[PDB]
Ligand SMILES: *[C@@H]1O[C@H](CO)[C@@H](O[C@@H]2O[C@H](CO)[C@@H](O)[C@H](O)[C@H]2NC(C)=O)[C@H](O)[C@H]1NC(C)=O
Ligand SMILES: *[C@@H]1O[C@H](CO)[C@@H](O[C@@H]2O[C@H](CO)[C@@H](O)[C@H](O)[C@H]2NC(C)=O)[C@H](O)[C@H]1NC(C)=O
Ligand SMILES: *[C@@H]1O[C@H](CO)[C@@H](O[C@@H]2O[C@H](CO)[C@@H](O)[C@H](O)[C@H]2NC(C)=O)[C@H](O)[C@H]1NC(C)=O
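Chains as they are written, first to last, in the entry's author numbering: chain A, 21 to 119, 138 to 465; chain A', 21 to 119, 138 to 465; chain A'', 21 to 119, 138 to 465. A prime marks a further copy of an entry chain.
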């Protein structure tokens, strides 16, 4: 029963022409936003609408060019759903109510009104004035209890081998659908990372010291971080922790989907081979996306202090499956509705697995079409380089998410990184 | 039983080599266009093909490199379908017939021939001449009784608010599929518009005069046409009426799908804010698309005369649902197969709703793929600006319909409207 | 039971830290490539894992931050599948085994090890050392018995009429999916061509001499090769034979999918109207694709000698259907799993017909998405013109296969054929 004011306006009986608030039951109103104009009829008998309108020889069927009929029902003796159904049978187009099987078959809008408003219409009608109406509504937003819960156990490191390229490859291919699903209000996505604690046997180890932040509490998941690259296993732990804090901070602000733009831009902009697996590189992206560094940095804490890290401790506890899902033990792991996905990690494969969690004709568009696009360049140029003076930008929005790439203007492919400096090349 | 001449040609017994007309039963011929060459065998017994060929020790199975066998059956005593099945069992590749369950399992082409032709083959054969054949056919066109009926109740006005943008947004996204579906012969689409008549109480009203054409018979559906824009509710009624007449005129000429190119080009080219919601603007598009203005203008009539408007009167009568569909009372309303669609107004959502009205493997391509394109630029450059002297055009064909947009040539994005003037810009 | 060495490495008990070979049963390992780290526990009792671990009060459930448990099972008394299931129930994450209904419900990796290795772990453990592990695996390759068999009976000629354009049109639209399906290891595609032998009656005929290679054994399928174009029916027979030999030669080298790049490039580069239906034109493409001309030419043989042509003779024998499929008598004919396809010859239509031959969640990506691309430009520039000195190429990879088209560089559309010469145009 969603309440809006602009929904119910009163086309003139000019003495009471106005915009009133109502309460519309979710039944009888279609998925798409629409508008319904009509006029009000208040029956002299069967005013509860609990007995069948046919029994009284009352009918509401319209002639052509005639306004559809809004029946004024008084509440009592039976539910609104029955009032709406009874009215619908008699030929009503809507129902204005003043102050468990057939439910699917109710298709006329139902609105509750004030007694003070209902009385106005009744007297306006009794004087002889046509009381016309107008009833808008927006397209259906999914109920939050109906949204699919998926979760991803990933690793941010890139200097792995095949196993890390495939992961970052998935994040890039799914980013578009991931964002559309969640911005549309169909999915609760939570990313997770995996860390182990140092056994007492190897506390103050040479190994545990290059692997573990916070005095051994959280250590790098794979015991081969090829320190030859110059980056210890503990550097990975910190970077992952930053990603999780990027998520928490963005989730608290109502925009979790920005994680996808962080971890992909991190992959692009902060490579290990070029010695950019750094705080300063990550913090660059935090400016670009416009995330709160003070909050992210505070979430990360002091990875050198003999203290716990609530986020990293919660992740170690999330890895133990509760209820029916098992413990997460494989990197990566996709979980959809507290059940571990064991299929191919392809967008096509993963999307089918989730769209089965939707009810038919509650299916998001992203399930039925690839003709879609993220809407991220409308905010802050998506964090990519632009040039307001020349109307050019490096921001492009794609079925696979938002991209910062140096634009080709007047045939000239600009050269640069697209997040900070694009410029014209040569001939 | 489709009749074609070029379908049946007679590879030479040179005395009767020629191109004859036939009559092919729809059974035994596949969906795709193909060609079948063989040679004719006329059995001495079981010539009705009503008893089983096996009973007579007659068989038609071929050796390799050998031409497939065309059995010459005489009509009588049983249906063609049985003749074709009997022959098929014995090993026939086709059947030439001279002058309710197994039917699915018939897969060899069946053709009826003249007695004068059948006798020619029989004598040619009796002299000893191989009578070879060739049998072409085109891909299957859907039977018109099998096509899906959808209908859309829309509004052409644009200065509404959110509700009008979403509608015009749908027309633009669906235009490609809308056109492909109908040009392919799978859908009968009819657009509709909604108008109310002025009550006797408010005849000669100040309001009814700015809302209603034809002396009150047809009035603007929403009673807020924000006359501040300078355009009365009656201006909308006329524009909608023009759109419906664009449809009727184009439907009468066998090209209804041009409505989609009209209403989208109207949206683009005739905006209300720029004071282009005008006859002269609309008539511009009628030239571009090459529609008959004399017929469209005659359909619109004299919206100032005390007379009815058959199209607008038929629309007011179409709004009252007949049979099982209800009265259309919401703008917009999509109806598919005389049942009101109540889902999201997305292409993906709407296309699933219609492709369920097709039989499996009668499914149009547009149901199974997004790798498609309208074919509108082959006619008159789709009504967009071109430049024959430079091979450039503003016409582009898209999965979302035909677009007139100023081309980027040698890297130079041309500037203009793409329907009437494109030109080179600056540096 | 796939055997790899790099799959099983032993995170340190430093005295036995190393990379050992194993044998992983296909059960309990997901579709996606992943990695699993844990530590080994060797139970003192129930070491066959044949009785239920619960009966002994043995459990493997982990605390958080704790490494997942690898149970060391001794083989005997029951199958690995039961050992893995029993262990899984008790809370194991994997199983190390030393030296017909519930099977679906087994989800922990199972690996077999050497007795010499199993003993090492046992003694290492008995001294007190944590024996940790690491277990990688790649994404699942489909078993070759599970792949779909489709076959196409086509014609290479182009100067037909509508029937030949539609065929070449299909080859071009399907080439992308055709290649992806087969390179991914989901389909065995074999192309076929159709030829008839000259009847003794018309041996040494005027007609049979312009139609048939190898002294009449193999003749052009349609008896109208419009010799007005200058190309006899026997020229078509030879060109088709070359295509089939291109397939055989490429199939023998493990790259059959190159046929698709041959027959489409033949269509583009060797047209009949421009008198390019020549050996020298075809041999040009054989260089481009880098096919072995010596093998292809030897497969074609001497189409003028009184001899058989094994490939053309095998094709005439393949046309006679064996088992349940009929004789192929229509051009074109698509067969999927020894059953003749009778639907529309559209990619969308054809792909549904094949993806039904896959088990759910064994579905290739190409079945669930159009966001795909051939990977052909990584090899030899796909056979298209390039210019290494300028980083430009004519090779582009598409959902519809690999394309050689002259690139547009700095806004300048280059002009040429894209296989051999691209060059800058004018202004
Ligand atoms: C991310 O934000 C959401 C909502 O802001 C959080 O979800 C809530 O979690 C609490 C604690 O379990 C529940 O009682 C609420 O019902 C949840 N609200 C929802 C699901 O809308 C979520 O915990 C946040 N943090 C994450 C996901 O790590
Ligand atoms: C648009 O054109 C079609 C065909 O030209 C019209 O459809 C015919 O309508 C008459 C009257 O109801 C029927 O008897 C015919 O069977 C219809 N032919 C068909 C469906 O092929 C249609 O009425 C025209 N006008 C519209 C749709 O407004
Ligand atoms: C193309 O190559 C494949 C494999 O190299 C050939 O398939 C083999 O054919 C033999 C003979 O029938 C079988 O015994 C094998 O089991 C097949 N191997 C497979 C299917 O992997 C095939 O014959 C070759 N030639 C074609 C398809 O014309």
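Every residue gets a Cβ at the ideal spot worked out from N, C-alpha and C, and that includes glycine.
### Task
For residue 168 (chain A), collect the residues of the same chain with a Cβ closer than 7 Å to its Cβ; drop the 5 residues on either side in sequence, then sort them by chain order.
33 and 59
### Query
Quick one: any contact between the region 200-216 of chain A'' and the region 379-391 of chain A'', if contact means 3 or more CB pairs under 8 Å?
yes
### Task
Mind the definition here: the region 140-149 of chain A'' touches the region 44-61 of chain A'' only if three or more C-beta pairs lie below 8 Å; say whether that holds.
yes
#### Entry: Residue from A:52, A:37, A:24 and A:41 whose Cα sits closest to the Cα of residue 384 (chain A')
A:52
### Message
Looking at ligand 3, does it come within less than 7 Å of residue 291 (chain A''), judged from the CB to the closest heavy atom?
### Response
no
### Query
Of the residues A'':66, A'':285, A'':258 and A'':279, which one's Cα is nearest the Cα of residue 272 (chain A'')?
A'':258
### Task
Taking C-beta pairs closer than 7 Å, name the residues in chain A that residue 84 (chain A'') reaches, listed in chain order.
354, 355, 357 and 358
### Message
By alpha-carbon positions, which one of A'':303, A'':42, A'':256 and A'':99 ends up nearest to residue 422 (chain A'')?
### Response
A'':303
### Message
Along the region 78-107 of chain A', where does the CB come closer than 9 Å to a CB of chain A''? Name the residues.
### Response
81, 82, 83, 84, 85, 86, 87 and 88
### Query
In the structure shown, what three-state DSSP assignment does residue 378 (chain A'') receive?
strand
### Message
For ligand 3, is there any heavy atom lying closer than 7 Å to the beta carbon of residue 182 (chain A'')?
### Response
yes
#### Entry: Backbone secondary structure at residue 440 (chain A') - three-state DSSP
strand
### Message
For residue 116 (chain A'), which residues in the same chain have their Cβ closer than 6 Å to its Cβ, ignoring the five residues on either side in sequence?
### Response
90, 92, 149 and 151
### Task
For residue 26 (chain A''), name the three-state secondary structure that DSSP assigns.
coil
### Query
For residue 255 (chain A), which of A:261, A:246, A:262 and A:263 has the nearest alpha-carbon?
A:246
### Query
So, are the CB atoms of residue 191 (chain A) and residue 230 (chain A) less than 8 Å apart?
yes
### Query
When the cut-off is 8 Å and only beta carbons count, does residue 174 (chain A') lie next to chain A''?
yes
### Task
Over the uninterrupted alpha helix (DSSP H) stretch that includes residue 326 (chain A'), give me the two end residues.
317-326
#### Entry: Residue-chain proximity (residue 31 (chain A'), chain A), Cβ-Cβ < 8 Å
no
#### Entry: Best match in A':460, A':373 and A':138 for proximity to residue 100 (chain A') [C-alpha to C-alpha]
A':138
### Task
Could you name the residues of the region 47-60 of chain A'' whose beta carbon sits closer than 8 Å to any beta carbon of chain A, in the order they occur along the chain?
50, 51, 52, 53, 54, 55, 56, 57 and 58
### Task
Note down, in chain order, each residue of its chain lying with its Cβ closer than 7 Å to the Cβ of residue 418 (chain A''), except the 5 sequence neighbours on either side.
328
#### Entry: Residue nearest to residue 141 (chain A) in terms of C-alpha spacing, selected from A:403, A:340, A:103 and A:336
A:103
### Query
Quick one, which residues of the region 402-415 of chain A are near chain A' if we go by CB-CB under 7 Å, in chain order?
403, 406, 407, 408 and 409
### Query
For residue 302 (chain A), which residues in chain A'' fall below 9 Å Cβ to Cβ?
Within chain A'', no residue comes near residue 302 (chain A); the closest Cβ sits about 16 Å away, beyond 9 Å.
### Message
At a cut-off of 7 Å, would you count residue 226 (chain A) as near ligand 1, judging by its Cβ distance to the nearest heavy atom?
### Response
yes
#### Entry: residue 61 (chain A'') and residue 87 (chain A'') closer than 8 Å at C-beta
no
### Query
CA-CA distance, residue 203 (chain A'') and residue 196 (chain A'')?
7 Å
### Query
DSSP beta-bridge partners for residue 227 (chain A)?
A:188
### Message
Using a Cβ-Cβ distance cut-off of 8 Å, determine whether residue 217 (chain A) contacts chain A'.
### Response
no
### Message
Using a Cβ-Cβ cutoff of less than 6 Å, which residues in the same chain neighbour residue 267 (chain A'') once the five nearest sequence positions on both sides are dropped?
### Response
197 and 310
### Query
Counting Cβ pairs closer than 8 Å, one from the region 362-382 of chain A and one from the region 340-354 of chain A, do we hit at least three?
no
### Message
Taking 7 Å as the cut-off, is the beta-carbon of residue 286 (chain A'') closer than that to any non-hydrogen atom of ligand 3?
### Response
yes
### Task
Kindly indicate if chain A' contains any beta-carbon less than 8 Å away from that of residue 417 (chain A).
no
### Contact with chain A' by residue 12 (chain A), beta-carbon distance below 8 Å
One cannot answer for residue 12 (chain A) here, as it falls past the ends of chain A, which runs 21 to 465.
### Task
For chain A, find out if any of its Cβ atoms is closer than 8 Å to the Cβ of residue 310 (chain A''); answer yes or no.
no
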